[PDB]
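This document opens with one chain alone, in structure tokens, the form deposited in one PDB entry.
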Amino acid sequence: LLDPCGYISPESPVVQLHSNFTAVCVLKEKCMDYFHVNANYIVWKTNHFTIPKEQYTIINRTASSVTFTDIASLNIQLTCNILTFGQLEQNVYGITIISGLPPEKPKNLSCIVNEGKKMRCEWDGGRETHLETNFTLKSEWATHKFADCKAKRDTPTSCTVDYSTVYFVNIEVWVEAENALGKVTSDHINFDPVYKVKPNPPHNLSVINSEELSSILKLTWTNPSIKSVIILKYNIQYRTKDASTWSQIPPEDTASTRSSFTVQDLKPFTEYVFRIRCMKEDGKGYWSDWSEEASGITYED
């Protein structure tokens, strides 16, 4: 069967940093008969250094054990050997002791649906665990479970689901953190994706002298396709080409879907720069980035 003289127990442990760990090496009876040895013949080595015999404890004639206390090394290679007659040393078994910490409960879980992309959720991973830790975003409607989204090694605090967003349906979301020392879940959050949209910014912004006055500039633009799902609200900013700060149209005047706006009380024959952004009208969701800036000049008085 291709088989051994003995083994070390426990098999391939993962322990918590600063804990104690006891390894027991046990020799099979048949092997003991063959080499004419017993526990007293066991020598222990770690990272190629022979562990001094005084730290060994023969528990029975079949077994020897060593105890590491307050483990501070992330990785320990422990080896069990028998000192067979003739000063011949032979390897019995070996294990790698790995240590670290259990994962902290992911917190501040939040999601966002950037227009054109699938839902993405972010969370604060906690304290370093020193262990390979998996993060899995779970999501489900009360009547259907979506594919788990497993975070990438590079980006462990974020996941982007592989399924398209379905607005107007409540979805239950949470993150599962797991490593050899533990599994834990963040609190579950529940929401209608429609309130987590980050629209693209309005584009095709144009400044046109519409009215025959010198204090008016007309802004026109193309709303983002997401207008098919939500009613838009905007923030229109404007300043003179030389001003250092932006002024802003009163939000109330641009509180519902529109593709144009006439800015008034502008100084004559002056150049103005505009930029606009939008988000769901009720303020529930995320402001889009600012559109491309657009320029226009008022007529002379």
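So that there is no doubt, residue numbering starts at 1 and follows the sequence shown.
Note on 209-217 vs 227-235: mean CA B-factor is higher in 209-217. The deposited model assigns a higher average Cα B-factor to 82-90 than to the other stretch when 196-204 and 82-90 are compared. Note on the listed residues 66, 42, 276, 266: the highest Cα temperature factor in the record is that of 266.
Within the group 179, 143, 165, 160, the record's highest C-alpha temperature factor is found at 143. Per the deposited record, the Cα B-factor of residue 272 falls in the middle third when ranked against the other modelled residues of its chain.
The entry lists a Cα temperature factor for residue 59 that places it in the highest third of the chain's modelled residues. Sort the modelled residues of the chain by CA B factor and residue 75 lands in the middle third. When the CA B factors of the chain's modelled residues are split into thirds, the value for residue 51 lands in the lowest one. Sort the chain's modelled residues by C-alpha temperature factor and residue 107 lands in the middle third, per the entry.
Beyond what is shown, the protein has a form solved in complex with a partner chain; the following relates to that form.
Remark: all three candidate residues (218, 252 and 259) come within 4.5 Å of its partner chain in the entry with it bound, counting heavy atoms only.
For the candidate set 67, 50, 60, 264, a heavy atom within 4.5 Å of its partner chain in the entry with it bound is found for exactly one residue, namely 264. Of the candidates 210, 134, 160, 185, 210 is the one whose heavy atoms come within 4.5 Å of its partner chain in the entry with it bound; the others do not. Judged by heavy atoms within 4.5 Å of its partner chain in the entry with it bound, the contact stretch among the candidates 177-185, 151-159, 123-131, 86-94 is 86-94.
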